[PDB]
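Heads up, query37.pdb below (PDB, C-alpha atoms):
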MODEL        1
ATOM      1  CA  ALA A   2     146.623 -29.115 188.244
ATOM      2  CA  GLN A   3     149.171 -31.638 189.312
ATOM      3  CA  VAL A   4     151.075 -31.158 186.133
ATOM      4  CA  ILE A   5     153.402 -33.915 185.251
ATOM      5  CA  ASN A   6     157.050 -33.655 184.241
ATOM      6  CA  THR A   7     156.810 -29.890 183.658
ATOM      7  CA  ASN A   8     156.596 -27.073 186.204
ATOM      8  CA  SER A   9     155.554 -24.527 183.599
ATOM      9  CA  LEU A  10     155.484 -21.767 186.212
ATOM     10  CA  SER A  11     159.179 -22.205 187.029
ATOM     11  CA  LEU A  12     160.052 -22.092 183.335
ATOM     12  CA  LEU A  13     158.117 -18.847 183.041
ATOM     13  CA  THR A  14     160.054 -17.438 186.003
ATOM     14  CA  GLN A  15     163.456 -18.194 184.494
ATOM     15  CA  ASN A  16     162.867 -15.750 181.643
ATOM     16  CA  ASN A  17     162.248 -12.789 183.922
ATOM     17  CA  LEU A  18     165.428 -13.703 185.766
ATOM     18  CA  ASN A  19     167.265 -13.524 182.430
ATOM     19  CA  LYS A  20     165.844 -10.090 181.652
ATOM     20  CA  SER A  21     166.838  -8.624 185.005
ATOM     21  CA  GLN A  22     170.324 -10.110 184.691
ATOM     22  CA  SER A  23     170.847  -8.501 181.297
ATOM     23  CA  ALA A  24     169.764  -5.086 182.542
ATOM     24  CA  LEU A  25     172.021  -5.337 185.597
ATOM     25  CA  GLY A  26     175.029  -6.311 183.507
ATOM     26  CA  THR A  27     174.496  -3.382 181.169
ATOM     27  CA  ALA A  28     174.161  -0.979 184.081
ATOM     28  CA  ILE A  29     177.311  -2.193 185.823
ATOM     29  CA  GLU A  30     179.386  -2.010 182.655
ATOM     30  CA  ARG A  31     178.237   1.532 181.896
ATOM     31  CA  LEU A  32     178.793   2.551 185.505
ATOM     32  CA  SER A  33     182.340   1.181 185.533
ATOM     33  CA  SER A  34     183.478   2.533 182.179
ATOM     34  CA  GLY A  35     182.158   6.039 182.672
ATOM     35  CA  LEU A  36     180.750   5.871 179.133
ATOM     36  CA  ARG A  37     177.204   5.375 177.911
ATOM     37  CA  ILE A  38     178.773   3.720 174.841
ATOM     38  CA  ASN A  39     181.054   0.765 175.559
ATOM     39  CA  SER A  40     180.663  -0.718 172.071
ATOM     40  CA  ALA A  41     178.872  -0.113 168.796
ATOM     41  CA  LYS A  42     176.040  -2.194 170.267
ATOM     42  CA  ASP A  43     175.034   0.634 172.612
ATOM     43  CA  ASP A  44     174.593   3.492 170.139
ATOM     44  CA  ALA A  45     175.970   2.860 166.662
ATOM     45  CA  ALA A  46     175.627   6.152 164.798
ATOM     46  CA  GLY A  47     176.439   8.041 167.972
ATOM     47  CA  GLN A  48     179.541   5.906 168.408
ATOM     48  CA  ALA A  49     180.733   6.876 164.939
ATOM     49  CA  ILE A  50     179.986  10.542 165.604
TER
ATOM     50  CA  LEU P 447     187.255 -15.631 174.511
ATOM     51  CA  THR P 448     186.448 -16.191 178.182
ATOM     52  CA  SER P 449     182.833 -15.179 177.644
ATOM     53  CA  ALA P 450     182.494 -17.311 174.527
ATOM     54  CA  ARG P 451     183.950 -20.381 176.222
ATOM     55  CA  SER P 452     181.706 -19.879 179.241
ATOM     56  CA  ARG P 453     178.581 -19.946 177.102
ATOM     57  CA  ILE P 454     179.704 -23.408 175.944
ATOM     58  CA  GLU P 455     180.956 -24.813 179.243
ATOM     59  CA  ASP P 456     179.079 -23.511 182.266
ATOM     60  CA  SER P 457     175.770 -24.655 183.727
ATOM     61  CA  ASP P 458     172.873 -22.445 184.798
ATOM     62  CA  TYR P 459     172.115 -23.200 188.436
ATOM     63  CA  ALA P 460     168.415 -22.427 187.971
ATOM     64  CA  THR P 461     167.951 -25.044 185.260
ATOM     65  CA  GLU P 462     169.715 -27.821 187.126
ATOM     66  CA  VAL P 463     168.088 -27.002 190.468
ATOM     67  CA  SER P 464     164.680 -27.216 188.806
ATOM     68  CA  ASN P 465     165.645 -30.488 187.139
ATOM     69  CA  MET P 466     166.833 -31.808 190.495
ATOM     70  CA  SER P 467     163.525 -30.956 192.132
ATOM     71  CA  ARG P 468     161.562 -32.611 189.337
ATOM     72  CA  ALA P 469     163.654 -35.765 189.624
ATOM     73  CA  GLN P 470     163.353 -35.857 193.414
ATOM     74  CA  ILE P 471     159.571 -35.687 193.416
ATOM     75  CA  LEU P 472     159.360 -38.201 190.591
ATOM     76  CA  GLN P 473     161.540 -40.649 192.510
ATOM     77  CA  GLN P 474     159.580 -40.369 195.759
ATOM     78  CA  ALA P 475     156.150 -40.685 194.167
ATOM     79  CA  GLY P 476     157.251 -43.532 191.926
ATOM     80  CA  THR P 477     158.646 -45.528 194.823
ATOM     81  CA  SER P 478     155.410 -45.167 196.774
ATOM     82  CA  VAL P 479     153.429 -46.277 193.721
ATOM     83  CA  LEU P 480     155.723 -49.252 193.306
ATOM     84  CA  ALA P 481     155.078 -50.295 196.895
ATOM     85  CA  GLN P 482     151.353 -50.289 196.194
ATOM     86  CA  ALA P 483     151.894 -52.154 192.922
ATOM     87  CA  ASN P 484     153.721 -54.945 194.705
ATOM     88  CA  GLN P 485     150.933 -55.117 197.275
ATOM     89  CA  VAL P 486     148.432 -55.703 194.446
ATOM     90  CA  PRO P 487     149.098 -59.445 193.851
ATOM     91  CA  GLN P 488     149.104 -59.863 197.617
ATOM     92  CA  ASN P 489     145.521 -58.614 197.432
ATOM     93  CA  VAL P 490     144.850 -61.267 194.809
ATOM     94  CA  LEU P 491     146.157 -63.659 197.455
ATOM     95  CA  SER P 492     143.675 -62.006 199.814
ATOM     96  CA  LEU P 493     141.122 -63.620 197.536
ATOM     97  CA  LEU P 494     143.038 -66.844 198.111
ATOM     98  CA  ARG P 495     143.435 -67.207 201.872
TER
ATOM     99  CA  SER B   4     123.670 -72.079 185.804
ATOM    100  CA  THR B   5     126.192 -72.045 188.654
ATOM    101  CA  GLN B   6     129.130 -70.310 186.999
ATOM    102  CA  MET B   7     127.266 -67.129 186.137
ATOM    103  CA  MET B   8     128.126 -65.015 189.173
ATOM    104  CA  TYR B   9     131.753 -66.101 188.962
ATOM    105  CA  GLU B  10     132.008 -65.294 185.264
ATOM    106  CA  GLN B  11     130.443 -61.877 185.819
ATOM    107  CA  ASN B  12     132.724 -61.298 188.789
ATOM    108  CA  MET B  13     135.880 -62.348 186.964
ATOM    109  CA  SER B  14     134.876 -60.096 184.080
ATOM    110  CA  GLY B  15     134.492 -57.137 186.433
ATOM    111  CA  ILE B  16     137.727 -57.960 188.245
ATOM    112  CA  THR B  17     139.701 -58.134 185.008
ATOM    113  CA  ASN B  18     138.292 -54.835 183.740
ATOM    114  CA  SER B  19     139.144 -53.100 186.997
ATOM    115  CA  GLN B  20     142.646 -54.534 187.327
ATOM    116  CA  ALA B  21     143.579 -53.894 183.700
ATOM    117  CA  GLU B  22     142.463 -50.305 184.186
ATOM    118  CA  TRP B  23     144.550 -50.121 187.359
ATOM    119  CA  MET B  24     147.622 -51.430 185.561
ATOM    120  CA  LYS B  25     147.136 -48.754 182.932
ATOM    121  CA  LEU B  26     146.580 -46.096 185.572
ATOM    122  CA  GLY B  27     149.760 -47.048 187.419
ATOM    123  CA  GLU B  28     151.521 -46.844 184.085
ATOM    124  CA  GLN B  29     150.030 -43.362 183.793
ATOM    125  CA  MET B  30     151.345 -42.252 187.179
ATOM    126  CA  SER B  31     154.666 -44.095 187.120
ATOM    127  CA  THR B  32     155.681 -43.106 183.595
ATOM    128  CA  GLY B  33     154.759 -39.476 184.092
ATOM    129  CA  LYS B  34     152.736 -38.992 180.922
ATOM    130  CA  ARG B  35     149.136 -39.348 179.760
ATOM    131  CA  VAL B  36     149.869 -41.763 176.912
ATOM    132  CA  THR B  37     152.486 -44.284 175.767
ATOM    133  CA  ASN B  38     151.270 -45.853 172.518
ATOM    134  CA  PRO B  39     149.659 -44.692 169.273
ATOM    135  CA  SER B  40     146.993 -47.325 169.872
ATOM    136  CA  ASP B  41     145.733 -45.025 172.629
ATOM    137  CA  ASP B  42     145.590 -41.492 171.139
ATOM    138  CA  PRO B  43     147.303 -41.701 167.760
ATOM    139  CA  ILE B  44     146.394 -38.088 167.026
ATOM    140  CA  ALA B  45     148.304 -36.888 170.071
ATOM    141  CA  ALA B  46     151.243 -39.138 169.203
ATOM    142  CA  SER B  47     151.598 -37.598 165.745
ATOM    143  CA  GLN B  48     151.342 -34.073 167.118
ATOM    144  CA  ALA B  49     153.916 -34.906 169.792
ATOM    145  CA  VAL B  50     156.344 -36.131 167.132
ATOM    146  CA  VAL B  51     155.746 -32.999 165.047
ATOM    147  CA  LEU B  52     156.262 -30.844 168.127
ATOM    148  CA  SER B  53     159.514 -32.614 168.901
TER
ATOM    149  CA  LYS Y 102     159.977 -42.398 171.147
ATOM    150  CA  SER Y 103     163.241 -43.717 172.581
ATOM    151  CA  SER Y 104     162.172 -46.956 170.877
ATOM    152  CA  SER Y 105     161.774 -44.863 167.733
ATOM    153  CA  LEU Y 106     164.017 -43.338 165.104
ATOM    154  CA  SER Y 107     162.673 -39.795 165.340
ATOM    155  CA  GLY Y 108     164.989 -39.034 168.240
ATOM    156  CA  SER Y 109     168.024 -39.906 166.149
ATOM    157  CA  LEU Y 110     166.846 -38.246 162.940
ATOM    158  CA  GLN Y 111     166.288 -34.858 164.524
ATOM    159  CA  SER Y 112     169.550 -35.209 166.430
ATOM    160  CA  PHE Y 113     171.135 -36.115 163.094
ATOM    161  CA  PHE Y 114     169.958 -32.863 161.533
ATOM    162  CA  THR Y 115     170.816 -30.833 164.636
ATOM    163  CA  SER Y 116     174.352 -32.136 164.257
ATOM    164  CA  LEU Y 117     174.206 -31.379 160.540
ATOM    165  CA  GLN Y 118     173.367 -27.738 161.184
ATOM    166  CA  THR Y 119     176.352 -27.390 163.494
ATOM    167  CA  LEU Y 120     178.630 -28.400 160.633
ATOM    168  CA  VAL Y 121     177.080 -25.600 158.580
ATOM    169  CA  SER Y 122     178.776 -23.110 160.933
ATOM    170  CA  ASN Y 123     182.160 -24.824 161.554
ATOM    171  CA  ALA Y 124     182.925 -26.265 158.131
ATOM    172  CA  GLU Y 125     186.654 -26.475 158.865
ATOM    173  CA  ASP Y 126     186.274 -28.392 162.130
ATOM    174  CA  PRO Y 127     187.207 -32.092 161.844
ATOM    175  CA  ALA Y 128     185.579 -33.025 165.152
ATOM    176  CA  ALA Y 129     182.118 -31.907 164.038
ATOM    177  CA  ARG Y 130     182.538 -34.011 160.904
ATOM    178  CA  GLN Y 131     183.336 -37.048 163.039
ATOM    179  CA  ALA Y 132     180.300 -36.404 165.218
ATOM    180  CA  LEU Y 133     178.115 -36.286 162.112
ATOM    181  CA  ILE Y 134     179.504 -39.643 160.995
ATOM    182  CA  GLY Y 135     178.786 -41.005 164.459
ATOM    183  CA  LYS Y 136     175.168 -39.885 164.316
ATOM    184  CA  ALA Y 137     174.845 -41.444 160.872
ATOM    185  CA  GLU Y 138     176.228 -44.786 162.005
ATOM    186  CA  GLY Y 139     174.027 -44.840 165.091
ATOM    187  CA  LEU Y 140     171.057 -44.202 162.810
ATOM    188  CA  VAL Y 141     171.999 -47.103 160.527
ATOM    189  CA  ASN Y 142     171.506 -49.527 163.403
ATOM    190  CA  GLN Y 143     168.028 -48.299 164.297
ATOM    191  CA  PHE Y 144     166.555 -48.575 160.812
ATOM    192  CA  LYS Y 145     168.041 -52.020 160.292
ATOM    193  CA  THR Y 146     166.770 -52.950 163.765
ATOM    194  CA  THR Y 147     163.154 -52.143 162.900
ATOM    195  CA  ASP Y 148     163.447 -53.862 159.524
ATOM    196  CA  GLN Y 149     165.136 -56.827 161.201
ATOM    197  CA  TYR Y 150     162.311 -57.464 163.615
ATOM    198  CA  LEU Y 151     159.717 -56.832 160.948
TER
ENDMDL
END

Turn this file's structure into structure tokens for me.
Amino acid sequence: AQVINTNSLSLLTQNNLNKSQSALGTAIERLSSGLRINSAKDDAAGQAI
Amino acid sequence: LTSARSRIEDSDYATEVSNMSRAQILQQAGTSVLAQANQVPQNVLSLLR
Amino acid sequence: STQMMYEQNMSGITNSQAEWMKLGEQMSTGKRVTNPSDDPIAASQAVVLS
Amino acid sequence: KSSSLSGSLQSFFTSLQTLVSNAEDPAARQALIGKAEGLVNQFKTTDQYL
């Protein structure tokens, strides 16, 4: 209950913050560029094509 | 290069804020406990009035 | 004879106060256990986990 | 655990790994030597007081 030294719940929260941040960054980059494919990371074979 | 350097240098505010909170509570609770600890031998004196 | 109550009482007092010292250790330090003498199994697993 | 070697040993290896990715970096080499020398003290400390 009164956990010691470790607020496990806060740790758990941090991960969801990370996930949302990653999605937002992707969306902003795509929105700015005007391209769904800013690098081979987005869509490799499609990038080549 | 800017991104790469940042991942080495910068601090994540969430992590350090959480650490700060942990340390704050630890300090407060510990000081109260210490007060009681010092009062202990004074209770032994309470045997010895 | 005479001493008996005092010997019983000092025994009880020492048990209680030793336990209190340990408890304060347990609150102050911020962890269930310090030494392998206490829960050696947990100590080994904590090392392995580290 | 701070009164124990395990902290240094695992830090030693963590440093070692980092060399395995920057083989041409003198600074990482120096840090590895530093970990090693710090670890020499600890072992000789425990032996010394044994």

Taking only C-alpha atoms into account, report as a PyMOL selection string which residues of chain B lie within 10 Å of chain Y.
chain B and resi 37-38+46+49-51+53

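Taken over the shown file, the ChimeraX specification (/B :<10) & /A identifies residues 4, 5, 6 and 7 of chain A.
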
I'd like the residues picked by the PyMOL selection byres ((chain Y and resi 124-138) around 12) written out as an NGL selection string, using the chain letters and numbers from the file.
:Y and (106 or 108-123 or 139-145)

When the cut-off is 12 Å and we count all atoms listed in the file, which residues of chain P are near chain B, given as a list in words?
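Therefore, the residues near the partner are residues 468, 469, 471, 472, 473, 474, 475, 476, 477, 478, 479, 480, 481, 482, 483, 484, 486, 487, 489, 490 and 493 of chain P.
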
Please evaluate the ChimeraX specification (/P :<12) & /A against the structure above and give the resulting residues as a ChimeraX atom specification.
/A:3-16,18-19

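The two atoms in question, CA of residue 39 in chain A and CA of residue 450 in chain P, are spaced 18.2 Å apart.
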
Specify the axis-aligned box that encloses all atoms of range 26-33 of chain B listed in the file after padding of 5 Å on each side, stating its centre and edge lengths in Å to one decimal as lines of an AutoDock Vina configuration file.
center_x = 151.1
center_y = -43.3
center_z = 185.5
size_x = 19.1
size_y = 17.6
size_z = 13.8
